Amino acid sequence: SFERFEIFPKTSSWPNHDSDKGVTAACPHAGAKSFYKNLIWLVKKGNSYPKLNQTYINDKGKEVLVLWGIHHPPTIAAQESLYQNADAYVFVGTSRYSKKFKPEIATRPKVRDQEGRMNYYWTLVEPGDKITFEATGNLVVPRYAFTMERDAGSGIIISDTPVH
Amino acid sequence: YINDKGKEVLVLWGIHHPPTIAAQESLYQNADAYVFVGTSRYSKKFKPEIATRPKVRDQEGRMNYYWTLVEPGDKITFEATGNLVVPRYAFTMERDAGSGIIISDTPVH
């Protein structure tokens with residue numbers, strides 16, 4: 001079983017932050033700048049990035065796959081222009097997964113005309129468990145989570161053969 | 001600790017991550033504490049991760065448990081400004097070729 005649901009609604013979960021300017025030219029969509037559909041890049045809302053705390057409780061009877069991202073800007077000026085905290089930190093916590101991520105602000109070789117980077121992390125939340133997001137900055141919040149129930153196991157086929 | 005026995009010594013310790021900064025000063029009074037555990041082969045500096053986590057057994061913080069094997073003639077050094085669960089008992093071992101762990105309810109005879 002694999003269904004996608006809105007773990008955090010865009011219209012009610014982030015009132016104190018900006019969820020509309022997180023678009024870049026590294027992900028074109030019909031020419032205009034865009035971003036991932038299942039993720040939201042939160043930026044400052046007018047020179048203010050208050051501490052963000054959110055949580056989700058797994059009311060489903062199956063597992064939920066939750067994906068998020070940590071952004072590493074190229075320069076300190078970019079970090080202040082996007083979040084304005086300099087010394088930001090992210091923390092994601094479940095009953096088993098606890099981890100703190102601090103941004104690495106440095107200039108990397110250009111890939112897709114991007115000096116900064118974005119690490120993507122995933123976790124599986126069990127029924128009854130909860131996932132907590134804390135963030136002073138540099139966090140790409142989940143917008144869609146995947147409620148899944150898994151089978152015994154299989155593989156991935158890399159072929160150009162048609163499907164019938 | 002210097003390993004004067006002729007066998008290996010398993011040493012276990014822990015690093016505590018409190019939920020709030022206030023708890024950190026309530027227990028260790030240093031805010032920016034650090035730990036360092038070192039051998040001739042092992043060397044690691046631990047920093048507390050102070051954040052609130054989903055409650056497990058009515059606990060907001062966590063305790064990460066680490067272990068190391070000190071060879072004969074070697075020494076293990078603990079340095080800590082705070083957030084250290086020190087060893088009290090270590091285990092001297094001489095190890096066999098290798099076996100397994102059986103999970104069963106069969107009686108032992």
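Per the conventions used, each chain is numbered from 1 along its written sequence, independently of whether this matches the entry, and residues without coordinates are not displayed. Here the convention is simple: chains get letters from A, ligands get numbers from 1, in the order in which they are written. This view holds some of the chains of a larger assembly, and the values cover only those chains. Hydrogen atoms and water are omitted, and side-chain values are computed over all heavy atoms in the structure.

Structure determination for this entry is recorded as cryo-EM, at 2.49 Å resolution.

Asker: I'm lost on unusual backbone geometry in this one. Help?
Answerer: Apart from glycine, the bulk of residues carry a negative phi angle, and the bulk of peptide bonds sit in the trans form. All names here are of chain A. In this model, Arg112 sits at a positive phi of 55 degrees, which is unusual for a non-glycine residue. You can see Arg112 is positioned in the loop between β8 (98-101) and β9 (117-125). Only protein chains enter the accessibility calculation, which uses a 1.4 Å probe; a residue whose area is less than 20% of its type maximum is buried, one above 50% is exposed, and one in between is partly exposed. Accessibility expressed as a relative area gives 62% for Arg112, which makes it exposed. The way it works is that DSSP assigns letters per residue, a run of H or I at least four long becomes a helix, a run of E at least two long becomes a strand, and they are numbered from the N terminus.

Asker: Is there a simple way to explain the packing of aromatic side chains in this structure?
Answerer: Here a ring pair, both rings aromatic, is described through the centre-centre distance and the interplanar angle of the planes. Centres within 6.5 Å make a pair out of two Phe, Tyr or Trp rings, where for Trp the six-membered ring is used; the pair is then stacked when the planes are under 30 degrees apart, edge-to-face when over 60, and tilted otherwise. Using the criterion set out here, one finds 18 aromatic pairs over all chains in the structure. A centroid spacing of 6.1 Å and a plane angle of 80 degrees characterise the contact between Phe8 of chain A and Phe133 of chain A, whose relative ring orientation is edge-to-face. On the criterion of sequence distance, the pair formed by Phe8 of chain A in the loop between β1 (2-5) and β2 (24-29) and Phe133 of chain A in strand β10 (residues 130-135) is long-range, its members being 125 residues apart. Neither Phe8 of chain A nor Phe133 of chain A differs from the other in exposure class; each is buried. Judged by centre distance (4.5 Å) and plane angle (50 degrees), the rings of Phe46 of chain B and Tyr66 of chain B are tilted. Here the residue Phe46 of chain B occupies a position in strand β3 (residues 43-46), and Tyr66 of chain B occupies one in strand β4 (residues 62-70), the gap between them amounting to 20 residues. Residue classification places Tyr66 of chain B among the partly exposed residues on the basis of a relative accessible area of 24%.

Asker: So what exactly am I meant to see when it comes to the pairing of strand β2 (residues 35-38) of chain B here?
Answerer: Here is the key point about a regular strand: its side chains alternate between the two faces of the sheet. Residues and elements named next belong to chain B. Any two strands are treated as partners once DSSP identifies two or more bridges connecting them. Here β2 runs beside β3; their pairing, made up of four bridges, is antiparallel. Across the sheet, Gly38 pairs through a bridge with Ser43, a residue of β3. If you look at the hairpin formed by β2 and β3, you'll find four residues sitting between the two strands. The pairing of β2 with strand β5 (residues 77-80) spans four bridges and is classified as antiparallel. If you follow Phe36 over to β5, its bridge partner there is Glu79.

Asker: Teacher, can you tell me more about the interface of chain B and chain A here?
Answerer: Accessible area lost upon the coming together of the parts serves often as the stated size of an interface. Contact with chain B, which involves eight residues of that partner, is made by 10 residues of chain A. Throughout, the accessible surface (probe 1.4 Å) given up by two parts as they are put together, summed over both, is called the buried area. Interface area, chain B with chain A, both sides summed: about 710 Å², of which 58% is carbon and sulfur. On the chain B side of the interface with chain A, the three residues burying the most area are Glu49, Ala51 and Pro54 of chain B, jointly 58% of the side's total. A carboxyl oxygen of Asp or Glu within 4 Å of a side-chain nitrogen of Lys or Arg is what we treat as a salt bridge. Joining chain B to chain A, the criterion identifies zero salt bridges. Here a polar contact is taken to be a pair of N or O atoms separated by no more than 3.5 Å, where protein atoms must pair a possible hydrogen donor with a possible acceptor and residues adjacent in sequence count only if both atoms sit in side chains. Inspection of the region where chain B meets chain A yields three residue pairs in polar contact. Following the grouping adopted for this structure description, the nonpolar residues are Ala, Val, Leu, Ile, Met, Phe, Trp, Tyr, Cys and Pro, the charged ones are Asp, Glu, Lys and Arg, and the polar ones are all others, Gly among them. Class assignment for the residues of the side of chain B that touches chain A results in four nonpolar, one polar and three charged. A contact between two residues is defined here by any heavy atoms of the two lying within 4.5 Å.

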